[PDB]
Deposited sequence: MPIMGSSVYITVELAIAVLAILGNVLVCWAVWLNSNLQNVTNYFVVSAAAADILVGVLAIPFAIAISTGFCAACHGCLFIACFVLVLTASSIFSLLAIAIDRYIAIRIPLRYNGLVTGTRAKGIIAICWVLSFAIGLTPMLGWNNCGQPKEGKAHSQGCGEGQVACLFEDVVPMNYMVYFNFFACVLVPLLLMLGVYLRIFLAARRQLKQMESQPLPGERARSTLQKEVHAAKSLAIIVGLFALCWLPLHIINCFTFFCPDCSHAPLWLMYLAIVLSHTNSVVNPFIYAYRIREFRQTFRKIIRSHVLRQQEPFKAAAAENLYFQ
């Protein structure tokens, strides 16, 4: 429907603007050019690609255009790769924060500039590995829905391009949900809990205040991640566990897809926005750089 399209396009607009703003800030401000903010930048970059590429492809995938099955499958896989890199590089921020607060004596030695770039390379490789798996044969292209293609006015040699028609639900539940949503979530939760509880126990005051700040920033990332990603993936479980049941309605599918993309506007933007150094650099960019 047209409401889904517009909202989805508005999300794409917000995700580019905010995440360019994050990247711009690190580029200009010398005080922000540390290892931590490289994970912030990488995640922001992955978000820009979600806005420019993933979301327009996702709309098509969710509304339906005519295409060859493997071309239709390729576009779906592309959405998966880009949204996943968005997830993994955000997880890299959380892990960085764990090593910073809990193991400071090994932080600079362990999380070097070289290994930070290595970590981000691993994120993209995992994203391609997981995202493109259906291209290897774990897909529904062997049984094209020829009756649906007709109703959609698709030519022969083409199918109606719909995500769930080509990407199997067993892949989405057993592989994608586990590797991309559940594991990162639970990891980010475990990192948050440890920092949170350790900070409460001590409650010198400067290190403690930092620890509280980190906890609340990690709570927001985890809270929003779960809010944005769980609804869609939980729905995916329901479809998989009862494929005979009547499908979750179109409006619910759309809202859930929309929520998952909203993650790219809020993560890691709010994290950065909560660092006062970023917050003042943002104001500097708007007030001074663009306005004069």
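*Asks:* Note down, first to last, the deposited-sequence stretches for which the model contains no C-alpha atom.
*Replies:* Several regions go unmodelled: 1 to 5, 209 to 220, 310 to 325.
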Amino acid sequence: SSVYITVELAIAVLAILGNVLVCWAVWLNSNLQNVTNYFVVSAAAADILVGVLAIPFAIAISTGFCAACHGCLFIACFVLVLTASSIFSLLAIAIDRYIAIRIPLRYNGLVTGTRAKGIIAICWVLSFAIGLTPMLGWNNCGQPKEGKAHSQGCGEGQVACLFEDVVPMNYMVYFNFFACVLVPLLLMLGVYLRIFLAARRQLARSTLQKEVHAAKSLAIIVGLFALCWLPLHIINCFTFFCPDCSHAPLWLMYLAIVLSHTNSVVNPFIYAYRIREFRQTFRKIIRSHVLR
From here on, numbers count along this sequence of modelled residues.
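*Asks:* Between us, would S151 come up missing in a third or more of the other compared entries?
*Replies:* In at least a third of the comparable entries (those modelling both sides of it), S151 has no coordinates.
*Asks:* Is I101 a gap in at least one third of the other compared entries?
*Replies:* Counting only entries that model residues on both sides, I101 is resolved in every one of them.
*Asks:* Looking at the entry, does 7 to 15 or 273 to 281 show the higher mean C-alpha B-factor?
*Replies:* Mean C-alpha B-factor is greater for 273 to 281.
*Asks:* Where do the C-alpha atoms have the higher mean temperature factor in this entry, in 105 to 113 or in 72 to 80?
*Replies:* Stretch with the greater average CA B-factor: 105 to 113.
*Asks:* Go through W27, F238, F57, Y254 one by one and give the residue whose Cα B-factor in the PDB entry is largest.
*Replies:* Max CA B-factor in the entry, restricted to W27, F238, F57, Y254: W27.
*Asks:* Per the PDB entry, which option out of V265, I61, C242, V50 has the greatest Cα B factor?
*Replies:* Comparing C-alpha B-factors across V265, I61, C242, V50, the maximum falls on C242.
*Asks:* Among the modelled residues of its chain, does the C-alpha B-factor of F196 lie in the lowest, middle or highest third?
*Replies:* According to the entry, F196 has a C-alpha B-factor in the chain's highest third.
*Asks:* With respect to C-alpha B-factor, does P184 fall in the lowest, middle or highest third of the chain as deposited?
*Replies:* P184: CA B-factor falls in the middle third of its chain.
*Asks:* Which third of the chain holds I234 when residues are ordered by C-alpha B factor: lowest, middle or highest?
*Replies:* Lowest third.
*Asks:* Is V167 in the lowest, middle or highest third of its chain when residues are ranked by C-alpha B-factor?
*Replies:* Lowest third of the chain for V167's C-alpha B-factor.
*Asks:* C-alpha B factor of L224, ranked within the chain: lowest, middle or highest third?
*Replies:* For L224, whose C-alpha B-factor we compare with every modelled residue in the chain, the answer is the lowest third.
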